Amino acid sequence: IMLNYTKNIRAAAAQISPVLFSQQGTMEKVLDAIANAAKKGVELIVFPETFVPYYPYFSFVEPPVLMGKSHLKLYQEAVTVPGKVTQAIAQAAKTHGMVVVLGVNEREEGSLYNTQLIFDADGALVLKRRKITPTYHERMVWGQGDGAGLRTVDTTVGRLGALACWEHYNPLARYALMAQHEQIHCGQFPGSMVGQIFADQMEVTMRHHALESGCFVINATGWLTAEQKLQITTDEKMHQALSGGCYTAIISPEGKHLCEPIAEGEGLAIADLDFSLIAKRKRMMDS
């Protein structure tokens with residue numbers, strides 16, 4: 001629609017663990033999440049970075065010379081342009097009248113991308129973008145998005161913006177979304193990786209986003225169980241590297257947590273976002 005600050009919206013950030021090595025298994029958890037959330041009248045939900053079929057932890061942890069099996073596998077479980085996954089989600093969204101923000105390892109023509117997808121409450125896919133700069137180990141896996149991906153979308157629940165991980169340090173993206181008055185910003189990070197340091201950094205990064213933009217921020221991060229870490233490597237010495245960095249959270253325009261944030265295990269962070277807060281913020285400063 002056009003821009004309105006009278007809404008009050010129930011949003012959720014989902015920390016979940018995927019199913020290790022099954023698009024379908026992970027997809028069952030996603031649909032379940034949506035449904036559980038619908039039970040509590042959630043109208044917008046954000047999942048972790050590239051959650052489907054699973055984030056590519058292998059690229060962080062295996063030497064390149066041995067990444068082939070893991071790479072192939074991921075390709076086999078990766079998600080097409082539009083397809084089964086898209087329709088399944090479009091339907092959950094339509095059914096529960098929910099806006100859904102989903103990250104996905106997209107395949108196109110033997111290439112992979114980190115792709116953020118946004119579905120409106122009518123089940124329409126109203127935004128598709130690719131992370132612009134895969135960072136570090138991600139460069140072994142994903143290609144680049146365009147910068148034409150920096151637009152917001154009007155949605156049943158307001159105007160949304162989305163970025164992945166350190167896309168948040170890219171100043172073009174920040175101003176792009178701010179200039180378009182994004183009302184609710186959706187961040188996605190991988191989850192269960194590097195440690196406290198990464199967690200502290202996410203939080204600082206995303207809460208500052210809220211502050212500078214003066215918008216709501218919602219951030220989702222995956223989770224791994226000890227069993228799943230083994231599935232990824234038998235080297236227990238690596239397992240610190242696959243722990244921590246979890247900040248599933250919902251942040252007000254003043255930087256406040258609107259609910260207890262999640263760093264461990266698996267759950268929905270849920271809160272009512274009162275849009276008049278966005279406007280009481282802007283009015284309080286002058287110039």
# chains A, B, ... in the order shown; residues from 1 in each chain; ligands from 1
call {"tool": "select_by_dssp", "arguments": {"residues": "region 204-287 of chain A", "states": "strand (DSSP E)", "output": "list in words"}}
result
residues 216, 217, 218, 219, 220, 249, 250, 251, 267, 268, 269, 270, 271, 272, 273 and 274 of chain A
call {"tool": "residues_around", "arguments": {"residues": "residue 179 (chain A)", "least_positions_apart": "2", "cutoff": "12 Å", "atoms": "only C-alpha atoms", "output": "PyMOL selection string"}}
result
chain A and resi 150-152+161+171-177+181-183+212-215
call {"tool": "residues_around", "arguments": {"residues": "residue 210 (chain A)", "least_positions_apart": "4", "cutoff": "10 Å", "atoms": "only C-alpha atoms", "output": "NGL selection string"}}
result
:A and (183-185 or 205-206 or 214-218 or 250-256)
call {"tool": "closest_atom_pairs", "arguments": {"of": "region 195-262 of chain A", "to": "region 102-115 of chain A", "cutoff": "12 Å", "atoms": "only C-alpha atoms", "output": "JSON lines"}}
result
{"residue": "A:219", "atom": "CA", "partner": "A:102", "partner_atom": "CA", "distance": 11.8}
{"residue": "A:220", "atom": "CA", "partner": "A:102", "partner_atom": "CA", "distance": 10.1}
{"residue": "A:221", "atom": "CA", "partner": "A:103", "partner_atom": "CA", "distance": 10.8}
{"residue": "A:222", "atom": "CA", "partner": "A:103", "partner_atom": "CA", "distance": 11.1}
call {"tool": "closest_residue", "arguments": {"among": "A:157, A:141, A:44, A:52", "to": "residue 19 (chain A)", "atoms": "only C-alpha atoms"}}
result
A:52
call {"tool": "residues_around", "arguments": {"residues": "residue 4 (chain A)", "least_positions_apart": "6", "cutoff": "12 Å", "atoms": "only C-alpha atoms", "output": "count of residues only"}}
result
14
call {"tool": "residues_around", "arguments": {"residues": "region 228-236 of chain A", "least_positions_apart": "6", "cutoff": "8 Å", "atoms": "only C-alpha atoms", "output": "mmCIF file with N, CA, C and O atoms, in the first residue's frame"}}
result
data_model
loop_
_atom_site.group_PDB
_atom_site.id
_atom_site.type_symbol
_atom_site.label_atom_id
_atom_site.label_comp_id
_atom_site.auth_asym_id
_atom_site.auth_seq_id
_atom_site.Cartn_x
_atom_site.Cartn_y
_atom_site.Cartn_z
ATOM 1 N N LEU A 20 19.959 -31.780 8.900
ATOM 2 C CA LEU A 20 21.236 -31.855 8.213
ATOM 3 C C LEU A 20 21.258 -32.960 7.197
ATOM 4 O O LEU A 20 21.417 -34.127 7.491
ATOM 5 N N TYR A 57 27.881 -24.404 6.733
ATOM 6 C CA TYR A 57 28.935 -24.552 7.727
ATOM 7 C C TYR A 57 30.203 -25.249 7.147
ATOM 8 O O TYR A 57 31.344 -24.895 7.460
ATOM 9 N N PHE A 58 29.998 -26.181 6.226
ATOM 10 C CA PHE A 58 31.125 -26.909 5.653
ATOM 11 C C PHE A 58 32.164 -26.019 5.068
ATOM 12 O O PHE A 58 33.359 -26.374 5.075
ATOM 13 N N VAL A 61 34.789 -24.834 7.590
ATOM 14 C CA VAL A 61 35.346 -25.862 8.446
ATOM 15 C C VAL A 61 36.192 -26.925 7.693
ATOM 16 O O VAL A 61 37.141 -27.467 8.247
ATOM 17 N N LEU A 242 31.937 -23.883 15.717
ATOM 18 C CA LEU A 242 30.507 -24.009 15.335
ATOM 19 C C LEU A 242 29.539 -23.722 16.498
ATOM 20 O O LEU A 242 28.423 -24.225 16.564
#
call {"tool": "closest_residue", "arguments": {"among": "A:191, A:134, A:143, A:48", "to": "residue 167 (chain A)", "atoms": "only C-alpha atoms"}}
result
A:134
